[PDB]
């Protein structure tokens, strides 16, 4: 057997990323997303008022890969062109994790003050969504120019995925208000945990009350649980360290369920642990890595194995599965990053080469299924051979899985792997070595 040449595989990831970037420059320059089958662009936040989403998402990946000319071309576009004084509604959660976080990682890589100025300007526009709630729970949408808010029927992910970006803003700016605003919203829902330690995933920004009874690790909730741990790691916050482990141990006690010998975390009633759903999202795979981070690595490996089963059986992990049968519930995909997310997070603990093996399967399968004329695309149908394609490269592809693969394979000297911290959008918030 020829041992894998990990440096060669990293160089292939870089080559493919640079090739994809060239397609973006050719077909979608300054636009939010490329449609790489048609060779066109689409808007993400505001129809017809693109904000360079994929360009911004790509920046820290480009830098980490040593694609310096490409990085600088993107940074220079941002500095000349990007602004947020726009009379249109933006989804607060998406805007923070993609644009605030993408500008912050680019700022930390480069030192360029303008990138921080723009991140902070955008955060100040998002802050109006928090200020519009007497509980500090952000409304889901805000008008970037006027501050007008819409839709208070929100969820843990959309109230609780700010503290990393906002806390880094507080560190860099010296203004504590960003950290405090993000932490306050998380504390609100944690103070409403049931006696079994769970939160329902759906919450109202104005009443402050839960609007469902369903505890979740995936839809409506995922990154809330990450950002508790990540705030301990990034800021030393004692409360978040406590909360992170309490929340995960409640989930292990009441949501961990085995079906056909495999670990899943279906939805349960947040006050009884009784099962209220049978679906698991592909996107739940982040949790395997979080389990390892919080000191539950055997459980994290067991959960990873459930997704390794889906990859081995279906090639591409189905977008959703029925835990009771282990079979797909959907045939389309979102070109999703969570399996290599988990592999990188678990690999950062002891550098076990098994995680590299598994992530290499995932990268090669992405190449075999999602490659299109001008980049990489989400899929229409994973059950046909070949798998049929839809026509969209999601913005998160630019920040997430190509970075994950590259960090797993490259051992790049541009990252201090002991200090590396990643947001839920894979924006690097600590660990650059200039």
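Residue numbers count along the first chain shown, from 1.
Trainee: Tell me which stretch has the larger mean Cα B-factor in this entry, 238-246 or 270-278.
Mentor: Stretch with the greater average CA B-factor: 270-278.
Trainee: Check the entry's C-alpha temperature factors for 331-339 and 252-260, then say which stretch has the higher mean.
Mentor: The deposited B-factors put 252-260 ahead on the C-alpha mean.
Trainee: Could you say which of 75, 122, 349, 103 has its CA atom at the highest B factor, as listed in the PDB entry?
Mentor: That would be 349.
Trainee: Going by the deposited entry, which of 391, 400, 47, 60 has the highest CA temperature factor?
Mentor: Comparing C-alpha B-factors across 391, 400, 47, 60, the maximum falls on 47.
Trainee: Of the three thirds of its chain by CA temperature factor, lowest, middle or highest, which one includes residue 197?
Mentor: Ranked within chain, residue 197 CA B lands in the highest tercile.
Trainee: Among all modelled residues of this chain, ranked by Cα B factor, put residue 167 in the bottom, middle or top third, i.e. lowest, middle or highest.
Mentor: Lowest third, going by the recorded CA B-factors of the chain.
Trainee: Report the third (lowest, middle or highest) to which the CA temperature factor of residue 160 belongs, ranking only the modelled residues of the same chain.
Mentor: Ranked within chain, residue 160 CA B lands in the lowest tercile.
Trainee: Rank-wise, by C-alpha B-factor, drop residue 383 into the lowest, middle or highest third of its chain.
Mentor: As the PDB entry reports it, the C-alpha B-factor of residue 383 lands in the highest third of its chain.
Trainee: Once the chain's modelled residues are ordered by C-alpha B factor and cut into thirds, is residue 68 in the lowest, middle or highest one?
Mentor: Within its chain, residue 68 is a highest-third residue by C-alpha B-factor, going by the deposited values.
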